[PDB]
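Next comes just one chain, in structure tokens: the form solved without adenosine-5'-diphosphate (ADP).
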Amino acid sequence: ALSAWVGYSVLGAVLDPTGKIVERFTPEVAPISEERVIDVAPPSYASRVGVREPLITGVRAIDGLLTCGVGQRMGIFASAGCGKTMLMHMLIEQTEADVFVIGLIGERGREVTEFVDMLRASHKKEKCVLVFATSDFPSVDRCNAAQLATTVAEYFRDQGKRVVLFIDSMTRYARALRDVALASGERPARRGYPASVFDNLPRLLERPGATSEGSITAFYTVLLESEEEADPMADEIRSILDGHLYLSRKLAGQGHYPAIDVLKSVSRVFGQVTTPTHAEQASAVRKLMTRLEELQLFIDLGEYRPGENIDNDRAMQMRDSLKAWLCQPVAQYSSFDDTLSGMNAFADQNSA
């Protein structure tokens, strides 16, 4: 089966879908590598441990309300122009991990080179590996890119490292699987996709996870056609993940970054990686957000006037304060303690 050289020799490097080093944005760490088959089955369920430890991203909205866990699979769902790529760079810069693996699947060449240029300027550059396939690549190679990125991550997990994996995007990975399946003689099952696709998606997504000694936490991007629209592929991918961050074109338009729609987003490992006090505070802040969106639609289309009802003005100030807290430009790391102090403040505010 199709195999590639992976190891410490690819840290700081750009790989094409065959594992060839086509560029180094930092000098080689060590010439240690081994051949691995890139399309392999997930490990035995009995070989894992639970996702129980939080993965601190330094992003207030995520760490506070959508806390990720070490070994989790997390979706990033976005239409075009929602800041997905900037959020990926933020997660790389601010998360503590031993290794970052980025797989860009069917991305345009310019975007690949821009991503690599960003990595070249990163202070974590020697921990990063980028695997790419452009739109010019055949479908087989595009699938291989995601499999190879996962395989590099598994290599470092086996060395006992904490690895963070990005696959951008699972939409293009699914389309590549579909095209390979069609060209192999398979008939469309749902909305053009053969049934083989819906079985090979979990095969790729179940490979990350935690062990007693290493881990892979994985972020998978999914390209929505528009912010609010009926998408079956996205729903399926969401159904097989441990959570999803929905990015909002509306919030992006307002310059609100990260453009996370908190009420549409969830981390399914939240309860198992947070303290009871944190979970209580997050419940309170979600109740507050739902109350605030209720009042927002209530008066902001019911012709709100700043001064009519002072309770409405209190609510609007609280809404603006929470939005300002969720907004976080790059280079503004928030420690988990500081995030929790903010959560405690807004949970207090839920008592009004």
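Just count from 1 along the sequence shown to find any residue number. Note that the rigid core is defined as the largest set of C-alphas that superpose within 1.5 Å between two forms.
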item	value
Mean Cα B-factor comparison, 228 to 236 or 278 to 286, giving the higher one as deposited	228 to 236
Mean C-alpha temperature factor, higher of 321 to 329 and 298 to 306	298 to 306
Top Cα B factor in the deposited entry, candidates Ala183, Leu204, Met88, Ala153	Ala183
Residue of maximum C-alpha B factor among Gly69, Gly50, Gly58, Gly64, per deposited coordinates	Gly50
Relative C-alpha B-factor of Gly75, binned into the chain's lowest, middle or highest third	lowest
CA B-factor ranking of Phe132, expressed as a third of its chain	lowest
Third of the chain, ranked by Cα B-factor, where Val222 sits	middle
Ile32 by Cα B-factor - lowest, middle or highest third of the modelled chain	middle
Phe198 - Cα temperature factor, lowest/middle/highest third of chain	highest
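Missing here is the form solved in complex with adenosine-5'-diphosphate (ADP); even so, the following discussion is about that form.
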| item | value |
| --- | --- |
| Shown-form site status with respect to adenosine-5'-diphosphate (ADP) as positioned in the entry with it bound after superposition (2.4 Å backbone/C-beta criterion, 3+ atoms) | open |
| Contact test in the entry with it bound: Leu224 vs adenosine-5'-diphosphate (ADP), heavy atoms, 4.5 Å | no |
| Partner contact for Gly81 in the entry with it bound: adenosine-5'-diphosphate (ADP), 4.5 angstroms, heavy atom | yes |
| Residue contact check: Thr85 to adenosine-5'-diphosphate (ADP) in the entry with it bound, 4.5 Å heavy atom | yes |
| Partner proximity in the entry with it bound: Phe115 to adenosine-5'-diphosphate (ADP), non-hydrogen atom cutoff 4.5 Å | no |
| Among the candidates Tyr257, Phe137, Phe198, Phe270, the residue which, in the entry with it bound, approaches adenosine-5'-diphosphate (ADP) to within 4.5 Å (heavy atoms) | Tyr257 |
| Among 73 to 81, 97 to 105, 151 to 159, 210 to 218, the region lying within 4.5 Å of adenosine-5'-diphosphate (ADP) in the entry with it bound by heavy atom distance | 73 to 81 |
| Which of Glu154, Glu227, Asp168, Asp242 is displaced between this form and the one not shown by 2 angstroms or more at its C-alpha, rigid core aligned | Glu227 |
| Pairwise C-alpha change, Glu227 versus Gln72, in the entry with it bound against this form - closer or farther, 3 angstroms or more | farther |
